[PDB]
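Shown below, as structure tokens, is a lone chain in the form deposited in one PDB entry; questions about how it binds or moves come after it.
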């Protein structure tokens, strides 16, 4: 009868368990103890966390369950609007933007963005080439610089020039602070306290900063009418085949903001986690390094060459298995239904999918789920369906998957080609949680292989 449920705090029920700066990791620890499913109650709200493939494969049935906006995404909606990430499936603007943008994010479309991805990738490599002997690299910080600039340059032909700065571009500063505020509202439960009136003031300033800049460029592009290899161009000229309508300027701005929120820290995390696992597993590093040296024979990597980096792609997937940088997504029941032949759900009942736990399901991956072994993904078809979901599910899955994977593969490939890396501090893994996961304080020393660009 009784579904498992963690410890309670009187009238607040389970809510104070999320009063911590590592909620996802705390939920993973509760999942290990309680198993494939547990209930999580707060005042006037309930959800259910899923950890097993057998339940999550049902949850991924699109006729039965549809994407839900978690409380986090709802707060991100205040600045991300009805962009793809924070819109409901049934909103007109989701499907409309989805139909228009899908060709712009396809595997074949990556040939278009490639040149500009290399531009930023080269800047990364050149920064590291120009370091002095005893200097070190702050990994996630530089990965974040690279991903922001790559999406900025590929998305709307704008250069944040993050590698020319210590304090980031105003937009970026406002965005991270807005994200932090959004995530902090999950912990508290006193909206209109006089102290938090300061937080709401900054929030509205940050919203305006992001809106003003993006709206400025949208207008500048329409007035000049120039063509480029970016998403903004496709969003201005694009028509939805279904409704026959283009996106209006307001939605276009929300998509641009969305691409930065959704993509930048997820991708930077992937590279950060990938490099971490590589330096903690030297034999795996040699393999990836060998492939990089063999395949990337030109100083400027080509699109075709990135596709050949098979083992580098396996490394990234295994990093995503262990630490999926967007660790959860939310679903709701479209109608009354039974989950697993023993858990009745009413219409509107919300489900959370703990992706890190899904990826540690003993019944799928084996006994050694904590080990870093890219060999697991030697054959893509071997992996059973709905067992590996770092990019979410179905029509609400990540539209920027091919973008993210092409960027991470290109950059990691170039990193392993040009440098030997050293875990000089014997770094202990400390996972910082915002909307996404990152290895905080992860540092390495890169020794150059003296290969020209």
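Residue numbers count along the first chain shown, from 1. So that the term is clear: the rigid core is the largest set of C-alpha atoms that superpose within 1.5 Å between two forms.
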*Which has the higher mean CA temperature factor in the PDB entry, 391-399 or 53-61?*
53-61
_Stretch with the greater mean C-alpha B-factor as recorded in the entry, comparing 296-304 against 273-281_ = 296-304
*When the CA B-factors of 426, 385, 409, 70 are compared as recorded in the entry, which is the largest?*
385
*Among the candidates 152, 140, 344, 324, give the one with the maximum CA B-factor reported in the record.*
344
*Chain-wide C-alpha B factor ranking for residue 35, given as lowest, middle or highest third*: middle
_Relative C-alpha B-factor of residue 226, binned into the chain's lowest, middle or highest third_ = highest
_Entry-reported Cα temperature factor of residue 25, expressed as the chain third it lands in_ = lowest
*Against its chain's modelled residues, does residue 196's Cα B factor rank lowest, middle or highest third?*
highest
*Considering only modelled residues of the same chain, in which third does the CA B-factor of residue 106 rank: lowest, middle or highest?*
middle
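The same protein also exists as the form deposited in another entry; that form is not shown, yet it is the one meant from here on.
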_With the core superposed, a Cα shift of 2 Å or more between this form and the one not shown singles out one residue among 302, 106, 286, 99. Which one is it?_
106
*asked:* With a threshold of 2 Å on the C-alpha, tell me if residue 165 counts as moved between this form and the one not shown once the core is superposed.
replied: no
_Quick check on residue 338: with the core superposed, does its CA move 2 angstroms or more between this form and the one not shown?_
no
*With both forms fit on the core, is the shift of the CA atom of residue 195 between this form and the one not shown 2 Å or larger?*
yes
*Answer with closer or farther for the CA-CA spacing of residue 387 and residue 107 in that other deposited form compared to the shown form; it moves by 3 Å or more.*
farther
